[PDB]
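**Q** Residue numbers (the authors' numbering), protein chains in the order written: chain B, 56 to 110; chain G, 56 to 110.
Even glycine gets a Cβ: it sits at the ideal position worked out from N, Cα and C.
Structure below; questions to follow.
Protein chains: 2
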Amino acid sequence: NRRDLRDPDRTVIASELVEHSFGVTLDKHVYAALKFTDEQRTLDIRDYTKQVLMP
Amino acid sequence: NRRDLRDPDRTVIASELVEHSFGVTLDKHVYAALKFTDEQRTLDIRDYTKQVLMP
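See below:
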């Protein structure tokens, strides 16, 4: 605030501190699910990392 | 001033040197004031430097 110099009114206006807030939430589950029979894990899958993990 | 050369009258218009002035006044009082109760200072203030002094 501002006031005149040598003003007979010595009153001082107090200022205000107001903090604000917001919220961040964890709300989704992203997943990739696969299932293989033992027959096709033994026989059909050649390179597990290249054929399964990378995709 | 200018006068005609070889003019029958020989009066001269005397010029004036007037110094001017203007005043610069110190006339304002800029302030920021804060009021904290004992409860606000005890419980609501945590730093008081980045929470009161910096604002």
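#1: Using a cut-off of 9 Å between C-beta atoms, extract the partners of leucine 108 (chain G) located in chain B.
#2: Verify the CB distance criterion: does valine 85 (chain G) have a CB-CB separation below 8 Å to chain B?
#3: Taking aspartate 93 (chain B) as part of the alpha helix (DSSP H), name the residues at either end of that continuous run.
#4: In chain G, which residues lie less than 7 Å from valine 67 (chain B) when you measure between Cβ atoms?
#5: Would you tell me roughly how many angstroms separate the C-alpha atoms of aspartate 93 (chain G) and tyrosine 103 (chain G), rounded to the nearest one?
**A** So, from the data block:
#1: Neighbours of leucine 108 (chain G) in chain B, taken as residues at a C-beta separation under 9 Å, are lacking, since the least C-beta distance is about 11 Å.
#2: Residue-level contact check: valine 85 (chain G) touches chain B, since one or more beta carbons of chain B fall below 8 Å from its beta carbon.
#3: Run containing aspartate 93 (chain B): 93-97, per the alpha helix (DSSP H) assignment.
#4: Under the 7 Å cutoff, chain G gives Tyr86, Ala88.
#5: Straight through space, the alpha carbons of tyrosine 103 (chain G) and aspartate 93 (chain G) are spaced by roughly 13 Å.
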